[PDB]
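We did not get these values from a lab; they are worked out from the coordinates using the rules stated. Cβ coordinates were reconstructed from backbone atoms using ideal geometry, including for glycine residues, and neighbour counts include every protein chain displayed.
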There are 2 protein chains.
Amino acid sequence: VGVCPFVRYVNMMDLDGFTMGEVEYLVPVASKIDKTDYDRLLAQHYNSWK
Amino acid sequence: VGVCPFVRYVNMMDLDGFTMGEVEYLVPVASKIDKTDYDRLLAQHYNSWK
């Protein structure tokens, strides 16, 4: 081929080299939503009836 | 035929080989809805009247 035959598809262009993906960038928010849903599930599983 | 006569219909294209279906991908959410309905059924079957 003449060079390494691999071409890289970069998600975000950055001068610092940080190849950032949409998943690891938003982990805390998704985990926060999951924790809120878990709290609601616990509330309706343990404290939902008189 | 010349090759194996089967052609595969992939639901999701992935470079990691994960053939993901719409059912097993959304099991937790459907089970969550079912559990909420079950909680409501228990509430109206045991704690619905004075």
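One table, with the values for the structure above:
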| quantity | calculated |
| --- | --- |
| B:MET20, B:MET13 arranged by Cβ crowding within 10 Å, fewest neighbours leading | B:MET13, B:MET20 |
| Projected area, mean over directions - the protein assembly as shown, Cα convex hull, nm² | 14.1 nm² |
| Per-residue ³J(HN,Hα) for the stretch A:33-44, Karplus 6.51 cos²θ - 1.76 cosθ + 1.60, θ = phi - 60°, Hz, x for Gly and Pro | 4, 4, 5, 4, 5, 5, 4, 5, 4, 4, 4, 7 |
| For chain B: Kirkwood Rh in Å [reciprocal of mean 1/r, alpha carbons] | 15.0 Å |
| Stretchable slack from B:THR36 to B:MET12, in nm (0.36 nm times residue separation minus alpha-carbon distance) | 5.6 nm |
| 7 Å along Cα→Cβ, label-point gaps from A:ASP37 to other copies, nm, shortest first | 1.8 |
